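A.B. asks: Just need the structure, nothing else, for what follows:
(2 chains, ligands or ions: 3)
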Amino acid sequence: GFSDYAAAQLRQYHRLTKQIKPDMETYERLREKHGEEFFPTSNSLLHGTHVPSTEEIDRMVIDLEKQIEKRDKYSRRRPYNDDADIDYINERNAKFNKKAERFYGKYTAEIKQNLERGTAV
RNA sequence: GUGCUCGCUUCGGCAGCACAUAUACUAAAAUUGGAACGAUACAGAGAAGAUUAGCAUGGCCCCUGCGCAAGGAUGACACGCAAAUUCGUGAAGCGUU
Ligand SMILES: [Mg+2]
Ligand SMILES: [Mg+2]
Ligand SMILES: [Mg+2]
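C.D. replies: Numbering: from 1, shown residues only, chains lettered A, B, ... in the order given. Ligands and ions are numbered 1, 2, ... in the order given. Structure as follows:
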């Protein structure tokens, strides 16, 4: 179940962070260029220095577009059958009756049987 | 401007001294814009059938009123394809390591 906005974030982060692959060439290049400060503390100096080249920002933009697509596929539309006896006259009435069947559907299980058998019992 | 000068010294002038010491949104204007109902056509008053009392609520909406009264159509407006972070099952067919 859902239970939190942070647990779905954590699941989504584990997915993205397992999908990524690091490049050791760029890593060792920047390590050899930066030297002493490549293992920084909270307070070293480099906060206002990095300028990423075009390939890095292109990779970030493509990854973020894929992430936006994965987010937009979150609520899949359930298929609409017209064989069920419809009990709504609007477009919002159908979804409100669906919410009523979600919440009160466990309790109001005898009266629907009474209705379908002819208002008896 | 006025007065006093044992001022020249006449009643003409001049000299000295004293008192008196800074108005005006500066126009009888040139300009510059936003504005008077109200007439012109249109336009028609909320609450799930119809006929209807209303009291609110919110603010780059005001009017009448001295009003922290009360009115203005319940003063008007508000009416919205009301979507905010973040997904997974199972088999089935096809291609692939
Ligand atoms: Mg009123
Ligand atoms: Mg009325
Ligand atoms: Mg009102």
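
A.B. asks: All the helices of chain A, residue numbers only.
C.D. replies: Under the criterion DSSP state H, chain A carries helices at the ranges A:5-19, A:24-34, A:54-72, A:92-103, A:111-116.

A.B. asks: Is it possible to get JSON lines of the ones you listed that adds distance to RNA strand B and mean neighbour count?
C.D. replies: C-beta here means a position set from N, CA and C on the backbone, and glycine is covered the same way. Below are the helices of chain A laid out as JSON lines (distance: least, C-beta to the nearest atom of the strand, whole Å; neighbours: other C-beta atoms under 10 Å):
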{"stretch": "helix A:5-19", "distance to RNA strand B": "3", "mean neighbour count": "10"}
{"stretch": "helix A:24-34", "distance to RNA strand B": "23", "mean neighbour count": "10"}
{"stretch": "helix A:54-72", "distance to RNA strand B": "4", "mean neighbour count": "10"}
{"stretch": "helix A:92-103", "distance to RNA strand B": "6", "mean neighbour count": "11"}
{"stretch": "helix A:111-116", "distance to RNA strand B": "20", "mean neighbour count": "10"}
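
A.B. asks: Figure out which of those is closest to residue A:47.
C.D. replies: When the helices of chain A are compared by C-beta to C-beta, helix A:24-34 sits nearest residue A:47, at 13.8 Å.

A.B. asks: between that closest one and helix A:54-72, how many degrees?
C.D. replies: Per axes from the mean of the first three to the mean of the last three C-alpha atoms, to 10 degrees, the angle that helix A:24-34 makes with helix A:54-72 is 130 degrees.

A.B. asks: Identify the residue nearest residue A:113 in space, chain neighbours excluded?
C.D. replies: Excluding the flanking residues, the one nearest residue A:113 by C-beta to C-beta, 6 or more residues apart in numbering is residue A:121, at 7.6 Å.

A.B. asks: Contacts only, for that neighbour.
C.D. replies: Neighbour list for residue A:121: A:110, A:113-114 [criterion: C-beta atoms under 8 Å, 6 or more residues apart in numbering].
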